[PDB]
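Chains as they are written, first to last, in the deposited numbering: chain A, 1 to 427; chain C, 1 to 427; chain E, 1 to 427; chain D, 4 to 165; chain F, 4 to 165; chain B, 4 to 165.
All residues carry an ideal CB built from backbone N, CA and C; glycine is no exception.
Remarks on the structure that follows.
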Amino acid sequence: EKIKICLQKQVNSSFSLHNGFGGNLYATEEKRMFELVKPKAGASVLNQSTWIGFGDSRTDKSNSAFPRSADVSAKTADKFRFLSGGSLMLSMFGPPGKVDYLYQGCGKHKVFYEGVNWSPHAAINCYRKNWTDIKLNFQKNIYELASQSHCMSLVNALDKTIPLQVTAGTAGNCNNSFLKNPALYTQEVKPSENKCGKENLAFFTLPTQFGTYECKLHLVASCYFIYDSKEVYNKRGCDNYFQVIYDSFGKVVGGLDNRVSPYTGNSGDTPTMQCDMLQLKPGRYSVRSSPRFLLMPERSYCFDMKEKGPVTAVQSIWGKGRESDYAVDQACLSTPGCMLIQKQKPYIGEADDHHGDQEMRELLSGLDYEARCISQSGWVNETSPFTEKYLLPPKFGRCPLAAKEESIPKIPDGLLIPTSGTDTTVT
Amino acid sequence: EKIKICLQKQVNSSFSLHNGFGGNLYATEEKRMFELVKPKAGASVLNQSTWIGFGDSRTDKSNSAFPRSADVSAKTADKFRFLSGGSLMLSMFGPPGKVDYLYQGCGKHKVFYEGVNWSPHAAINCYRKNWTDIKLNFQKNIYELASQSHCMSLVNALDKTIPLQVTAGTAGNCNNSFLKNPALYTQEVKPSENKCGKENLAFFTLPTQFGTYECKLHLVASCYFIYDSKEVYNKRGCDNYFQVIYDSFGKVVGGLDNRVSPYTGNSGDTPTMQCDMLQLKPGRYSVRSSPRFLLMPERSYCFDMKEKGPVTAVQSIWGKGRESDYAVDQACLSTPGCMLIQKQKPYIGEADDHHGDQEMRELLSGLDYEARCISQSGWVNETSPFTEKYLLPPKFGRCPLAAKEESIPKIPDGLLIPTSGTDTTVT
Amino acid sequence: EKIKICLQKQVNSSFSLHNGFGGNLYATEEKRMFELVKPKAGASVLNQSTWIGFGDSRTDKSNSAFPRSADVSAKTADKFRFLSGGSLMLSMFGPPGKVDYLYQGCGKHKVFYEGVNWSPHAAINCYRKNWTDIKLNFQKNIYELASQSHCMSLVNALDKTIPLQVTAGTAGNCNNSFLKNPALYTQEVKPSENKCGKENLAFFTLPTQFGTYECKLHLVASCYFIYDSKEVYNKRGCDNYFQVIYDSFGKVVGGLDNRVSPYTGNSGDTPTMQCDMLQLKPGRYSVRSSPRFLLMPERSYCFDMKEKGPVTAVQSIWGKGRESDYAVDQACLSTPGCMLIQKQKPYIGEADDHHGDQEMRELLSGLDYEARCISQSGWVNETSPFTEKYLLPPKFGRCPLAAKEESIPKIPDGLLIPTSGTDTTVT
Amino acid sequence: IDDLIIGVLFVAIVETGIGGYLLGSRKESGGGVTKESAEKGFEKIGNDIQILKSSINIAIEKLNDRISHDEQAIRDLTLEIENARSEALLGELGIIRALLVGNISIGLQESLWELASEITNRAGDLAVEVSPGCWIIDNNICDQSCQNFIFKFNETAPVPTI
Amino acid sequence: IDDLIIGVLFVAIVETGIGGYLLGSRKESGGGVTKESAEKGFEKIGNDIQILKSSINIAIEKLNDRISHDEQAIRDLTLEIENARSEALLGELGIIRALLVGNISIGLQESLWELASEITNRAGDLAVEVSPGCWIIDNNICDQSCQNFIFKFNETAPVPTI
Amino acid sequence: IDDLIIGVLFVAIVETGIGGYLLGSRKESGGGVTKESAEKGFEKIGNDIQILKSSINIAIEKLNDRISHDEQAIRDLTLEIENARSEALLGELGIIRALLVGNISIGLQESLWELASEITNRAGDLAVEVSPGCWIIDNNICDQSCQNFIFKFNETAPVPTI
Ligand SMILES: *[C@@H]1O[C@H](CO)[C@@H](O[C@@H]2O[C@H](CO)[C@@H](O[C@@H]3O[C@H](CO)[C@@H](O)[C@H](O)[C@@H]3O)[C@H](O)[C@H]2NC(C)=O)[C@H](O)[C@H]1NC(C)=O
Ligand SMILES: *[C@@H]1O[C@H](CO)[C@@H](O[C@H]2O[C@H](CO)[C@@H](O[C@H]3O[C@H](CO)[C@@H](O)[C@H](O)[C@@H]3O)[C@H](O)[C@H]2NC(C)=O)[C@H](O)[C@H]1NC(C)=O
Ligand SMILES: *[C@@H]1O[C@H](CO)[C@@H](O[C@H]2O[C@H](CO)[C@@H](O[C@H]3O[C@H](CO)[C@@H](O)[C@H](O)[C@@H]3O)[C@H](O)[C@H]2NC(C)=O)[C@H](O)[C@H]1NC(C)=O
Ligand SMILES: *[C@@H]1O[C@H](CO)[C@@H](O[C@H]2O[C@H](CO)[C@@H](O[C@H]3O[C@H](CO)[C@@H](O)[C@H](O)[C@@H]3O)[C@H](O)[C@H]2NC(C)=O)[C@H](O)[C@H]1NC(C)=O
Ligand SMILES: *[C@H]1O[C@H](CO)[C@@H](O[C@@H]2O[C@H](CO)[C@@H](O[C@@H]3O[C@H](CO)[C@@H](O)[C@H](O)[C@@H]3O)[C@H](O)[C@H]2NC(C)=O)[C@H](O)[C@H]1NC(C)=O
Ligand SMILES: *[C@H]1O[C@H](CO)[C@@H](O[C@@H]2O[C@H](CO)[C@@H](O[C@@H]3O[C@H](CO)[C@@H](O)[C@H](O)[C@@H]3O)[C@H](O)[C@H]2NC(C)=O)[C@H](O)[C@H]1NC(C)=O
Ligand SMILES: *[C@H]1O[C@H](CO)[C@@H](O[C@@H]2O[C@H](CO)[C@@H](O[C@@H]3O[C@H](CO)[C@@H](O)[C@H](O)[C@@H]3O)[C@H](O)[C@H]2NC(C)=O)[C@H](O)[C@H]1NC(C)=O
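See below:
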């Protein structure tokens, strides 16, 4: 009778008190609003139809031992424009014997995985023993210009005019001819008998367009011979060496003039070739040089400058056995817009020692999915807005932000007991 | 008695359940938090006192048949600095007979509506048959420099010094004299009788200031004669044609040197003139050229580079009858910062066939009000933060964002019934 | 018996009604959520370990009369790299007698407080009466390059090669020798007896590195003599004056060539020296000049271009007595990235008339604390997100925003009475 | 809920029946569960609903554009950005929206409790108020007349004595 | 509402009268509507008000600056931008402000209901509690003494058993 | 608070005792304050708690990333920025979080009131309901049997006065 029943709310120690706007909650468990997200290491893209890749052989779908030799799936290989044994650099200079492939294509996002094919191993030397530096700079520009154009294509031949005294040249170091891009040309000249040739002048034209492709900017290679000194040069040459590229008006845009700059070679009696990367607007350029040699530019990569975009560059090296290089690596990391992909472990291929390495494969696997964000720190296709460590700089998309696991908000869970007003809670 | 009354909450089918933070609501109607906003097509501005326009005749307030002839209101015309028959380009080269107006003024936002006055129709030819290309580039720079300066003004005369062998020249095609900007100058020279003049050197000075106006950067035109070939040139000229503009030190800033570049003409026995747009810092420049002709720059547009700002450019064409051009259009669209205004229907004027077109009027009507935002997609003076289609790139102000009508949030309306807790709602 | 008690909520006039989400509140008092913040005038930094200063004497810790002579505390002086009587500009040209200090160091934030030491007062003249303009431009570049490099250092000597006809020169105006940077060199030449020297060619090398310091970019001074006219020049010189600096190829990067540009002097029979600021990539440059004089560059400031950062520049003037200049001020204000610090009152030092001015001290006091933000409008170490007036442009950190005191939100205070639903509130 | 004429705590969902605020009556020896609106009691709720709906307009109008001021001179497309900026602003708006609905909801219910109190405050005879919103009067003491007075409000045949 | 003295549901607006929480009493055969504060019952509300006001400080302090970090080296003016950024942050603050006021409001009222229960829980003699916050005791059984005990709380002369 | 056993208004804090929703009973001539759970009544709350917890998932998932789209090609470090951007987004999340907790809280309580009404709606014999959540029945009329029926719900040994 004189009893008393009551719906009671009782909270012990296994509690926790989450406070809220307009009433709180005691709870037995609690969990995070969002989970911290880890970046999947490797390369991926967004849109999947706005990307294109330039390939090796590890990407060459139409290669004999296919699946095996590949570092990518078929789906991916389909989006690649490769050809076994090629390299953008190889096509740039067209050295003898080495494969000359017409790389070109369009895409908002360009993925490069080429280069190994012209590593120190290639042991090419056409008046130059260590090409790496050039490789570096060449790559550096390809990436820069690539990250600002939509379309790009090798321009395998351009309108030019060579003088008559000069005649096509062949070289010992260059197997038995010469490179295709810097094109050698020479004229009989013997200083001894006091017969110095006719200083030559030759023109060349960077096109406004090349087939479908619109060229707003050309990447050409300005090359010249570096002699140790006058007398040495004067051994086979008559006055003072020089090669210069002037523009429509006599403005100079490149070269080397030993008539005002000092000789800086150190290769003894024979010169060394130096190739500078030049970005030239389209037009009619001319070059002037000392009689004996003329290194005429006859090729280039053409970029429209239509739009900005991301660039992924995969490192290209040999399995053990042959000497590789990090020009690519260096270059990617030294230019805004490209993301470098590198292996931690060495290369060991399935097809053979140099094709189909596991790591690389699980690295470039992302190219098959659509990510929410891609960074130099990796990619992520998950959805939370937070991550443990700060994603790295070149990054595109909806990238999560860094935040301590603790600092993220908590949601009440398990048993919930609503708290009332103020001193409602009495022990 | 044993009745039971109850304030009851009942909801049928004409309901809808809007849920909220801390209780929900059932409702009979619902409406959008904000309405999608359409952009008004045409041109407008913000601040109304920070803008200035450069005019034609369709803007010339002091024109005979006024209201009629205008494409703008009086209020607007007041903010314009025009003069019937003028064109920035016309003032740049001052061709014979054509009106030469001193365009100049300041403003955070510059609105250009000139040009038609030097369209193919004008049939001007001073050694050049189709001026459009030049018009294009000229416009291109005006807009660029204009979008980076606060003030700009034509510089109708600059300190110069012409050599004695040379004397003012007149031309057949140029009515019977010559342009005012590229200024012809010549000297008697007959190759036949082996009398080649004295290669000339002349100076000229881009001023640091021009009246109130401060010049941090000058737009000058570098011109030269394009010959088909040597012999042709050698018909009236002595060695090899050339005209070059050097800077304080002998650096070249422009021109054409046929002593190193090839001849590229195809106009038969008489040359063609080519005019390059050059941006020059103020200073003392010099030019050198083959004896016979000297095209001395004698005018320019001067820009301080004080501040960035928007630029609207209205297309300028003739009503039907005379030939028009799209240099303006092309140019605006090809330079960051300016917004192009174009007509869909042709021109049919009230005053006469070429002045006072309806479309244009309702297009430039916006210049009378203050917008919240202006874009290449149109302007808007309303206030919602959303719109159906993405506004186009060059845009300034508080532009609304694209969003599907559906996706915008809904507000409960009509009959509201508060829902309580959980299973409060029972069938 | 028939009474009635009620917990009543009554609100008179001393009320105010704050409305909220889910219930309102009547209150007797109210206060702002945040307080408006004033910027402390003067200079400060963030991180305190990422900054470095280049000093005078007013910063020189190792100065005789220390505390007194200083304009900064010890703590601050420690972070400075100064030396009494120095000036970056002084070290740039190394004039005779004046202190030549090797300024160099690293920091994300660089604070400059030097310059007074080469003010008009210094009355130095080495073929130039008013150096201020040069000071201006020199400072201008230091700041620019400084705000883009992490490390910078004076390069007191660089690999060069001087011809034989020429021999070290000394000058009357230049006490009795010459500047250290633009280095005079001459060769006997007497036009009268028709003995014109041998036009000279000399080389010089901007290094890629200088001790720890990496040089991605060099600031060198290109100087030359400005003659009134030929004949005047022809008084002591033979043909036409000229000094030019070419790059690896014959590209010109600077100088003056009176063989194509007009003579512009007005100092009568003796020339005037002009010094341009040049930014040069590292390499081997050459210079050519008329026989008689050769002003060879022999020093420079070297900057890596590693990273962007803030720059504070304190104005440097004399106490009353000697003539000062505003080159610094002008320069700071004219370059993005640096913040200028100026005094309102004049200089009156404690140590003596020119060292230890009160104002300056309370100005540079901030250098001792860590600010939340620094702007050209002052700094603030407080924490509210709002301020009365808009902070000035060059500013870094978490700067508060401008907002009217009123417009900031209000918090209920004093006596609080909860309002219930709708018409809950009645008379 | 409770049988078929639930209190001011629950809400009847009758896909095809009448809808709104109404008086649900039922006897213990009766199968007919009368439902009918008392447009005279509603007179409050209805007006309060207006006052409530009025607030939204204000607060909505009050949304001082968390909208950005642009100086985009460059021509490159930014849809991927504009889009994301919008998706967010949309989200921001959603929350502050729910914030409004809830407040209304709260204030409306708190306003239905205003009726009860008022209805309850209408006799010790009535004063049965079982569950909130529901009460059981005795029609032997409280004939229709006062029932109507108590609820509906016809002001005829109520309570004199005093 | 009601007569000269209402419940814990409404709030009296007397532009010039006393203000605060107080005890409104009135008899049926009386014109004098006594209003007076019971600073002993207030003792709870008052303290709770503090506790409540305390929270704001926290949550406000808690506003971890939705404030931007800048690296503005360029010198161009940005007021049109700074301004718009401010108008927004101001707006953001406003909402979270109302969020606080409402929460307080809610908790305060919920705290006024804490008194009723407590006052009601003070006798079957009192236990008249008509409308919420209002009750009608009989001074023949509940003389001032217990009235004061019931409400005000002097702890002298009341009780219904033990 | 209500002696040793309070109503649906307050919440007992017993650092080491049982925890949850339960039935607190106590007689007037008894020292033993029985506490025990009626897992049959809980059956509602428990399920509702689920329904409630369910909502969070939705609304949280619903957070359509107030996350920025970047085109950062430059290499300069931005931590001072990324950090501040994060501290803010974190803050934004916090509020919308409390927003969820409170809504839950509100709906849960409003759901506990759903029980009372339902329990109260279980006899004129019970119908003592003193304070909200608490009621005093007479075991002379309401023996354990109905007590269990009234609350717990065993469906055995009631008492219909008809
Ligand atoms: C030495 O040379 C320096 C620089 O060439 C001269 O300093 C400059 O002097 C002029 C006139 O005193 C200043 O320009 C003036 O500015 C004011 C306001 O800004 C304006 O009203 C005038 O119309 C004019 O533009 C200029 O600020 C100043 N520059 C600096 C850095 O101080 C100096 O005058 C020369 N000294 C002698 C003795 O010739
Ligand atoms: C909305 O309003 C709530 C009240 O309805 C806020 O809560 C506050 O009240 C509690 C008491 O229930 C405070 O507790 C303090 O005291 C205890 C015991 O000594 C301490 O353990 C505890 O650390 C506190 O100091 C709460 O702290 C207080 N606020 C908070 C955030 O806990 C509720 O917080 C408020 N909602 C928001 C979003 O501010
Ligand atoms: C705050 O809490 C509310 C509960 O009071 C949330 O609501 C939820 O509860 C209702 C019941 O009134 C659910 O309605 C039924 O139908 C829906 C169909 O959409 C089911 O999803 C649900 O399980 C029920 O069967 C609501 O659905 C449910 N939420 C919603 C959004 O409808 C209310 O949403 C919450 N407020 C916020 C801002 O989250
Ligand atoms: C949540 O909903 C509340 C209502 O329950 C809002 O409050 C309001 O309080 C009263 C009643 O609606 C309004 O009074 C208006 O009418 C009276 C007529 O006597 C005028 O005197 C008064 O000036 C008003 O015009 C309040 O105006 C209204 N408050 C507000 C701020 O609109 C409550 O505001 C709402 N929550 C939020 C955050 O708005
Ligand atoms: C269930 O929902 C509502 C319950 O009210 C019904 O819709 C409403 O129907 C009434 C008819 O009585 C409409 O009233 C009309 O109002 C206008 C003024 O607005 C007046 O001019 C007319 O004479 C008429 O009285 C009311 O507008 C309407 N509201 C809506 C939102 O539809 C609905 O029909 C109900 N269904 C059933 C089966 O009862
Ligand atoms: C209408 O209501 C307001 C709010 O209560 C009244 O203002 C209040 O006036 C009282 C005077 O009794 C103030 O209280 C006193 O405060 C002093 C502080 O030094 C204290 O020493 C006294 O013991 C006493 O508590 C109270 O602070 C003040 N409150 C506010 C917010 O101003 C006002 O008087 C009322 N109008 C009328 C006609 O009563
Ligand atoms: C006060 O905190 C909790 C209140 O629930 C008590 O711990 C609880 O202990 C029960 C078992 O007695 C746990 O049940 C678990 O899941 C099901 C029932 O839900 C049962 O079949 C399993 O065997 C299992 O025990 C309940 O989840 C658990 N909750 C927590 C947070 O520990 C705790 O014992 C209480 N303290 C005291 C002194 O009673």
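Of all the options B:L80, B:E117 and B:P135, which has the alpha carbon lying nearest to the alpha carbon of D5 of chain D?
As a first step, residue 5 of chain D must be located in the fourth sequence, where it is residue number 2. Nearest option by C-alpha distance: B:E117.
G53 of chain E by DSSP, collapsed to three states: which one?
Along the third sequence, read from residue 1 onward, the residue named residue 53 of chain E stands at position 53. In this structure, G53 of chain E counts as strand in the three-state DSSP scheme.
Any C-beta of chain B within less than 9 Å: which residues of the region 9-40 of chain A qualify?
Cβ contacts with chain B come from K9, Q10, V11, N12, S13, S14, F15, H18, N19, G20, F21, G22, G23, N24, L25, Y26, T28, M33 and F34.
Using a 10 Å radius around the Cβ and a threshold of 16 neighbouring Cβ atoms, would you call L83 of chain C buried or exposed?
By one-based count along the second sequence, residue 83 of chain C stands at place 83. Buried: at least 16 other Cβ atoms inside 10 Å.
Between the C-alpha atoms of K190 of chain E and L201 of chain E, what's the straight-line distance to the nearest angstrom?
As a first step, residue 190 of chain E is located in the third sequence; it is residue number 190 there, counting from the start. As a first step, residue 201 of chain E is located in the third sequence; it is residue number 201 there, counting from the start. Cα-Cα distance, rounded: 20 Å.
Under 7 Å between beta-carbons, which chain A residues line up against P310 of chain C? List them in chain order, please.
One-based indexing of the second sequence puts residue 310 of chain C at position 310. The premise fails here: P310 of chain C is roughly 22 Å from chain A at the closest Cβ pair, so nothing lies under 7 Å.
Which parts of the region 335-422 of chain E are runs of the beta strand (DSSP E), unbroken and 3 residues or longer, counting only runs that do not cross its ends?
You should have 338-341, 373-375, 378-380, 395-397 and 410-418.
Given a limit of 7 Å on CB to CB distance, which residues of the region 66-92 of chain B reach chain E?
Listed by position along the chain: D79 and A87.
Is any heavy atom of ligand 3 found at a distance shorter than 7 Å from the C-beta of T427 of chain E?
Indexing the third sequence from 1 puts residue 427 of chain E at position 427. No, since every heavy atom of ligand 3 falls outside the 7 Å radius drawn around the Cβ of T427 of chain E.
Say whether chain F places a C-beta atom closer than 8 Å to the C-beta of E117 of chain D.
The residue labelled residue 117 of chain D in the question sits at position 114 within the fourth sequence. Yes - at least one Cβ of chain F is within 8 Å of the one on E117 of chain D.
Using only the alpha-carbon positions, how far apart do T425 of chain A and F13 of chain D sit?
As a first step, residue 425 of chain A is located in the first sequence; it is residue number 425 there, counting from the start. As a first step, residue 13 of chain D is located in the fourth sequence; it is residue number 10 there, counting from the start. Cα to Cα, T425 of chain A sits roughly 28 Å from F13 of chain D.
Less than 8 Å between the beta carbons of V37 of chain A and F386 of chain A, yes or no?
Numbered from its first residue, the first sequence carries residue 37 of chain A at position 37. Numbered from its first residue, the first sequence carries residue 386 of chain A at position 386. Contact flag set, yes.
In its own chain, which residues sit with a C-beta less than 6 Å from the C-beta of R398 of chain E, not counting the 5 before and 5 after it?
For the purposes of this step, residue 398 of chain E is taken as the residue at position 398 of the third sequence. So the list reads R372 and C373, once near-sequence residues are dropped.
Would you check if the distance between the CB atom of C302 of chain E and the CB atom of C223 of chain E is smaller than 8 Å?
Position 302 of the third sequence, counted from the first residue, corresponds to residue 302 of chain E. Position 223 of the third sequence, counted from the first residue, corresponds to residue 223 of chain E. Their beta carbons are not under 8 Å apart, which means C302 of chain E does not touch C223 of chain E by this criterion.
To test your reading of the DSSP string, which unbroken beta strand (DSSP E) runs of 3 or more residues are found completely within the region 137-179 of chain E?
151-155, all fully within the region 137-179 of chain E.
Please list the terminal residues of the continuous beta strand (DSSP E) segment that includes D73 of chain F.
Stepping through the fifth sequence from its first residue, residue 73 of chain F is reached at position 70. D73 to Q75 is the span of the beta strand (DSSP E), which, as asked, contains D73 of chain F.
Ligand 7 heavy atoms versus the CB of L416 of chain A: any closer than 7 Å?
Mapped onto the first sequence, residue 416 of chain A falls at position 416. For ligand 7, not one heavy atom lies less than 7 Å from the Cβ of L416 of chain A.
Where do the N-terminal and C-terminal ends of the beta strand (DSSP E) with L201 of chain E fall, by residue?
To locate residue 201 of chain E, count along the third sequence from 1; it is residue 201. Taken as a continuous stretch (DSSP letters only), the beta strand (DSSP E) holding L201 of chain E covers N200 to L206.
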